[PDB]
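Residue numbers (the deposited numbering): 12 to 54. Report on the structure given below.
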Amino acid sequence: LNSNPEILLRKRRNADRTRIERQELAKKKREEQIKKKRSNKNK
RNA sequence: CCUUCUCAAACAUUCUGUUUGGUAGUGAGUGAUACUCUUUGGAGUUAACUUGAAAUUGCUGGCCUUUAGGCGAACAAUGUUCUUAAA
């Protein structure tokens, strides 16, 4: 039926949720690093 | 649980020489000979000696600028501030 062969890449699964999770993880890591940095002045 | 001002000129050629400037210390304790000044209260100097980087309380020196600094610096000057020496 007059077709043309090609290669197709399927969409990655759960990319947006992974992106949001990574953004949240980065924010949490920054915040906890700040917490521990200013918590070490009372040693 | 840091690590100490390790040099600059000017003149002259005798593979170098002369001159000038640059150096603020652990504390405590013995100990004379002498000098200068003095507000006569002690202030600055002058041999030498002891020591685990030792230790049991010296009333408060003076002038200037303040809100601790200068006298070794006057329309001059003061650390708790760097944080990958992190966790």
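All residues carry an ideal CB built from backbone N, CA and C; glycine is no exception.
CA-CA distance, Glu17 to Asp27, rounds to 27 Å. In this structure, DSSP gives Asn53 a helical state, which the three-state scheme calls helix. C-alpha of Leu20 to C-alpha of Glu35: approximately 28 Å in a straight line. In the three-state reduction of the DSSP assignment, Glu17 falls in the coil class.
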